[PDB]
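Participant: An experimental structure, sequence included, is below.
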Amino acid sequence: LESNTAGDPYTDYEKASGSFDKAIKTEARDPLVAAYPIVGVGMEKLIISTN
Amino acid sequence: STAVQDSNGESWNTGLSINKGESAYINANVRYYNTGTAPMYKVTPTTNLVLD
């Protein structure tokens, strides 16, 4: 009763078929695992310039 | 008594101010190259400038 079971931009057929972007991991091909990025930032150093 | 004094001098000053936040500006002369199979139009690279 849902065209997008996982709630992501890709329908159940596009996911199961692999007809979406080719850089999406293969676990996100089944309709119950969301194709979904988890992006975070990390600081490596901080530099101060006295005015 | 009566005195009359006549003077004349001259001075010379040199200064130098320095900003410690922006003490210089840098200018990089660069050049792009393509080693692939297709051309690129409107080439816009992003570059790091690293000191240490």
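Facilitator: All right, it came through fine. Residues are numbered from 1 along each chain as shown, chains lettered A, B, ... in the order given.

Participant: number of nearby residues for the residue in chain B that chain A sits nearest to?
Facilitator: At 4.3 Å from chain A, residue B:21 is the closest residue in chain B, using CB to the nearest CB. Placement of C-beta: from N, CA and C, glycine included. Using other CB atoms under 10 Å in any protein chain shown, residue B:21 is surrounded by 8 other residues.

Participant: From residue A:47, how far out is it?
Facilitator: For residue B:21, the distance to residue A:47 equals 12 Å [CB to CB, to the nearest Å].

Participant: Ok, residue B:26 next?
Facilitator: Separation of residue B:26 from residue A:47 (CB to CB): 15 Å.

Participant: List the contacts of residue A:24.
Facilitator: Taking CB atoms under 8 Å, 6 or more residues apart in numbering or on different chains as the criterion, residue A:24 is in contact with residue A:35.

Participant: Quick check on it: phi, psi?
Facilitator: Residue A:24 has phi and psi values of phi -80, psi 130 when expressed as degrees, to the nearest 10.

Participant: Next: residue A:29.
Facilitator: The phi and psi torsions at residue A:29 (degrees, to the nearest 10) take the values phi -90, psi -10.

Participant: so it touches residue A:12, yeah?
Facilitator: No: judged on CB atoms under 8 Å, residue A:29 makes no contact with residue A:12 at a distance of 10.5 Å.

Participant: Now tell me what touches stretch B:7-27 from outside.
Facilitator: Looking at what lies outside stretch B:7-27 - CB under 8 Å, 6+ apart - the contacts are A:49-51, B:49.

Participant: Show me what from chain A comes close to chain B.
Facilitator: By CB under 8 Å from any CB of the partner chain, the residues of chain A that approach chain B are A:49-51.

Participant: If we use 10 Å, what do you get?
Facilitator: Neighbours of chain B within chain A, by CB under 10 Å from any CB of the partner chain: A:47-51.

Participant: Which ones among these map onto strands?
Facilitator: Using DSSP state E, the subset of these located in strands is empty.

Participant: Walking through chain A, point out its helices one by one.
Facilitator: A:12-17 (DSSP state H).
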